[PDB]
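Following: one structure in structure tokens, then a few remarks.
All Cβ positions, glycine included, derive from the backbone under ideal geometry; neighbour counts span all protein chains shown. Values in this text are rule-based calculations from the coordinates and carry no lab data.
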Amino acid sequence: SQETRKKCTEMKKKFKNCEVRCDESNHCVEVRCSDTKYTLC
């Protein structure tokens, strides 16, 4: 529980230039830099 919101904060630390968006419905954090877009579930 809330491992996704933790992971979103962590991905924002690493990828603050990229669009790191938090979730809870899918428990998957999508990150969207420009050409590179990846989702850590």
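Treating the beta-carbon of each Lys and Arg as +1 and of each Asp and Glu as -1, no other charges, what is the dipole magnitude of the chain about its Cα centre, to the nearest 20 debye?
The dipole magnitude comes to about 220 debye.
What is the P(r) of the chain, as percent of Cα-Cα pairs per 10 Å bin from 0?
36, 55, 9, 0
Mind checking the full-extension length gain between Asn26 and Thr9? Use 0.36 nm per residue of separation minus the Cα-Cα distance, one decimal, nm.
Fully extending the segment from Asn26 to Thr9 adds 4.5 nm.
With an 8 Å cut-off on Cα pairs and a minimum separation of 6 or more residues, tell me the relative contact order of the chain in percent.
Relative CO of the chain lands at 34 percent.
Peptides 5-12, 16-23: what's the order by average Cβ count within 10 Å, highest mean first?
The packing order, highest mean first, is 5-12, 16-23.
222 nm [θ] for the chain, helices only, -39500 (n - 2.57) per DSSP H run of 4+, per residue, to 500?
Calculated at 222 nm, the ellipticity per residue is -9000 deg cm²/dmol.
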